[PDB]
K.L.:
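Submitted below is the structure of interest, expressed as structure tokens.
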There are 2 protein chains.
Amino acid sequence: XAXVXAXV
Amino acid sequence: XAXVXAXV
DNA sequence: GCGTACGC
DNA sequence: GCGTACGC
Ligand SMILES: *C(=O)c1cnc2ccccc2n1
Ligand SMILES: *C(=O)c1cnc2ccccc2n1
Ligand SMILES: *C(=O)c1cnc2ccccc2n1
Ligand SMILES: *C(=O)c1cnc2ccccc2n1
Ligand SMILES: [Cl-]
Ligand SMILES: [Cl-]
């Protein structure tokens, strides 16, 4: 759920 | 040489 | 000449 | 519920 590299 | 995650 | 950045 | 960010 976090987006820092994927954001899902 | 670039530093964006290691910076060497 | 090597690896940092988060949870809906 | 998945992976982005650069070259001295
Ligand atoms: C987001 O909160 C989050 C948490 N755990 C995960 C596990 C696997 C894929 C994506 C995820 N996203
Ligand atoms: C993004 O691609 C990504 C990959 N691994 C991680 C680990 C810890 C925090 C954030 C991250 N983001
Ligand atoms: C920095 O310019 C740079 C370029 N290539 C590398 C290869 C392996 C380790 C570190 C490196 N740093
Ligand atoms: C830092 O840990 C890191 C790792 N892989 C990369 C690939 C492309 C650009 C920058 C990167 N930085
Ligand atoms: Cl949980
Ligand atoms: Cl070269």
Side-chain angles (χ1 to χ4, degrees):
Chain A
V4 193
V8 192
Chain B
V4 193
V8 192

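Any value given below was found using the heavy atoms of this structure, including those in side chains, with hydrogens, waters and symmetry copies removed. Order of the sequence lines sets the chain letters (A, B, ...), proteins ahead of strands, with each chain counted from 1.
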K.L.:
As a test of reading the structure: which of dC6(D), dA5(C), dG1(C) is closest to the side chain of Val4(B), going by heavy atoms?
P.N.:
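In terms of side-chain proximity for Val4(B), the closest of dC6(D), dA5(C), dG1(C) is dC6(D).
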K.L.:
Given the rule that a pair is Watson-Crick or G-U wobble with both distances under 3.5 Å, how would you write DNA chain C in dot-bracket, using | for pairs to a different strand?
P.N.:
.||..||.
K.L.:
Give the nucleotide from the list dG3(C), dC2(D), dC6(C) with an atom nearest to the side chain of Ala6(B).
P.N.:
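Nucleotide nearest to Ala6(B)'s side chain: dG3(C).
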K.L.:
Distance check, P atoms only: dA5(D) and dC2(C), in whole angstrom units.
P.N.:
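Between the two P atoms, the distance is 24 Å.
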